[PDB]
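Novice: Sending over a structure as C-alpha cells; questions will come in a sec.
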Amino acid sequence: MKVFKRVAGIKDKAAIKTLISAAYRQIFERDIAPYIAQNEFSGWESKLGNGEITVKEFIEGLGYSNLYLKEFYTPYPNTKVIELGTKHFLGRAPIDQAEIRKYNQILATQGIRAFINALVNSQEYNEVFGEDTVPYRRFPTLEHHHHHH
C-alpha cells in the first residue's frame with residue numbers, strides 16, 4: 001500500500017528520487033541502479049525536485065527514454081508494446097482490437113513519443129494518475145461499471 005505521489009511540501013531531493021525510482025519499476029519494469037539513474041536523468045530529476053516540471057511531464061519523459069524502448073519496443077512487436085505500455089501507464093489491458101489498431105497506427109506514423117503521449121493524455125490517466133501521482137499497478141481487482149445488458 002506504499003502510494004507514490006507528489007505531496008504539496010516535498011522539496012526533499014531524497015524523497016523525490018525515491019518517487020523517481022518507483023516510476024522506473026512502473027514504466028521500465030526493472031529496478032534501475034541509482035548510479036545509472038544519475039548518468040541518465042540527473043538533469044531531468046533537478047526540474048522535478050525544484051518544481052520546474054510536473055510529475056506527469058517527468059513520467060511521460062521516462063516513457064520517451066531509449067533505455068525503456070531498447071528493452072520493451074525495439075526487440076518487441078508493435079502490438080505487444082501497446083499492452084505492456086498501457087499496463088505501465090494506465091494499469092489497464094487494451095479495450096478492443098480497433099483500440100489496438102489506433103495505438104499501433106499512431107506509433108507507426110508519428111512514432112514512440114506520440115504513442116506514450118497518447119497513453120498519458122488518455123482521460124483515465126489525467127483524472128486518476130494526474131500531474132502529481134505515479135502510475136502504480138491498479139491491484140488484481142479492476143472490475144467496475146459492468147451492468148445488465
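Chains: A, B, ... in order of the C-alpha cells. Residues: from 1 per chain. Ligands: from 1, in order shown.
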Find the nearest atom pair between each residue of range 57-98 of chain A and range 26-50 of chain A for residues within 9 Å, count only C-alpha atoms, give distances in Å to one decimal, sort rows by chain and ascending number, and present the table as CSV.
Specialist:
```
residue,atom,partner,partner_atom,distance
A:58,CA,A:48,CA,7.0
A:59,CA,A:27,CA,8.2
A:61,CA,A:44,CA,8.7
A:62,CA,A:27,CA,7.5
A:63,CA,A:27,CA,6.8
A:65,CA,A:40,CA,8.9
A:67,CA,A:28,CA,8.0
A:68,CA,A:28,CA,5.2
A:69,CA,A:28,CA,8.5
A:71,CA,A:28,CA,8.1
A:72,CA,A:28,CA,8.1
A:85,CA,A:27,CA,7.7
A:87,CA,A:27,CA,8.6
A:88,CA,A:27,CA,4.9
A:89,CA,A:27,CA,7.0
```
Novice: Would you pick out the contacts of residue 93 in chain A at 9 Å or less, using only C-alpha atoms, so that residues sharing its chain but fewer than 5 positions from it are not included, and give the list as a list in words?
Specialist: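 Those residues are residues 82, 83, 84, 86 and 87 of chain A.
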Novice: Could you dump the residues just selected with C-alpha atoms as a CSV table (one decimal), in the first residue's frame?
Specialist:
```csv
chain,number,residue,atom,x,y,z
A,82,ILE,CA,0.7,-1.5,-26.7
A,83,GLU,CA,-0.5,-3.9,-24.0
A,84,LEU,CA,2.8,-3.6,-21.9
A,86,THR,CA,-0.8,0.7,-21.3
A,87,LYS,CA,-0.1,-1.7,-18.3
```
Novice: When distances are computed from only C-alpha atoms, which of A:78, A:140, A:18, A:147 shows the smallest separation from residue 107 in chain A?
Specialist: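 Answer, going by the shortest atom-to-atom distance: A:78.
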Novice: Which value, in Å to one decimal, gives the distance between CA of residue 96 in chain A and CA of residue 81 in chain A?
Specialist: 15.3 Å
Novice: Excluding same-chain residues fewer than 4 positions from residue 51 in chain A, what lies within 12 Å of it counting only C-alpha atoms, as an NGL selection string?
Specialist: :A and (6-13 or 16 or 44-47 or 55 or 57-58 or 131-132)
Novice: Taking 3 positions as the minimum chain separation for residues in the same chain, which residues sit within 12 Å of residue 124 in chain A when counting only C-alpha atoms? Answer as a short mmCIF file (atom, residue, chain, number, x, y, z; two decimals) with N, CA, C and O atoms, in the first residue's frame.
Specialist:
```cif
data_model
loop_
_atom_site.label_atom_id
_atom_site.label_comp_id
_atom_site.auth_asym_id
_atom_site.auth_seq_id
_atom_site.Cartn_x
_atom_site.Cartn_y
_atom_site.Cartn_z
N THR A 86 0.50 0.32 -21.99
CA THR A 86 -0.75 0.70 -21.30
C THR A 86 -0.79 0.14 -19.86
O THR A 86 -1.30 0.79 -18.95
N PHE A 89 1.45 2.60 -17.82
CA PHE A 89 0.84 3.96 -17.62
C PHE A 89 -0.61 3.90 -17.07
O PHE A 89 -0.88 4.39 -15.97
N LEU A 90 -1.56 3.33 -17.83
CA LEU A 90 -2.99 3.28 -17.41
C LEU A 90 -3.26 2.20 -16.34
O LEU A 90 -4.21 2.32 -15.55
N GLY A 91 -2.41 1.15 -16.31
CA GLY A 91 -2.66 -0.05 -15.47
C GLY A 91 -3.77 -0.95 -16.02
O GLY A 91 -4.24 -1.86 -15.33
N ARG A 92 -4.18 -0.70 -17.28
CA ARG A 92 -5.28 -1.44 -17.96
C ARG A 92 -4.72 -2.29 -19.13
O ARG A 92 -3.61 -2.06 -19.61
N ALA A 118 -0.05 9.59 -26.09
CA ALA A 118 -1.47 9.17 -26.25
C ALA A 118 -2.00 8.44 -24.98
O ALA A 118 -3.14 8.66 -24.56
N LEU A 119 -1.15 7.58 -24.39
CA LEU A 119 -1.48 6.82 -23.14
C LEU A 119 -1.58 7.76 -21.91
O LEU A 119 -2.41 7.56 -21.02
N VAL A 120 -0.71 8.78 -21.88
CA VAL A 120 -0.62 9.76 -20.77
C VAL A 120 -1.72 10.86 -20.89
O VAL A 120 -2.22 11.38 -19.89
N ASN A 121 -2.09 11.21 -22.14
CA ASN A 121 -3.19 12.17 -22.42
C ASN A 121 -4.55 11.46 -22.60
O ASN A 121 -5.56 12.10 -22.93
N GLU A 127 -7.23 12.15 -14.98
CA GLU A 127 -8.23 12.19 -13.87
C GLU A 127 -7.82 11.32 -12.64
O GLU A 127 -8.15 11.68 -11.50
N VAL A 128 -7.11 10.18 -12.86
CA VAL A 128 -6.70 9.26 -11.76
C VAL A 128 -5.20 9.47 -11.36
O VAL A 128 -4.90 9.88 -10.23
N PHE A 129 -4.28 9.19 -12.29
CA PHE A 129 -2.81 9.39 -12.09
C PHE A 129 -2.36 10.72 -12.75
O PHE A 129 -1.65 10.72 -13.75
N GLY A 130 -2.84 11.85 -12.19
CA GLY A 130 -2.60 13.19 -12.77
C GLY A 130 -1.14 13.67 -12.74
O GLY A 130 -0.20 12.87 -12.64
N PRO A 135 1.87 6.34 -11.88
CA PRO A 135 1.04 5.20 -12.33
C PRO A 135 1.47 3.83 -11.73
O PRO A 135 2.26 3.08 -12.33
#
```
Novice: Show which residues sit within 9 Å of residue 64 in chain A, as a list in words. Count only C-alpha atoms, and ignore same-chain residues fewer than 6 positions away.
Specialist: residues 112, 113, 116 and 117 of chain A
Novice: May I ask which of the residues A:79, A:17, A:22, A:145 is the closest one to residue 106 in chain A, counting only C-alpha atoms?
Specialist: A:79
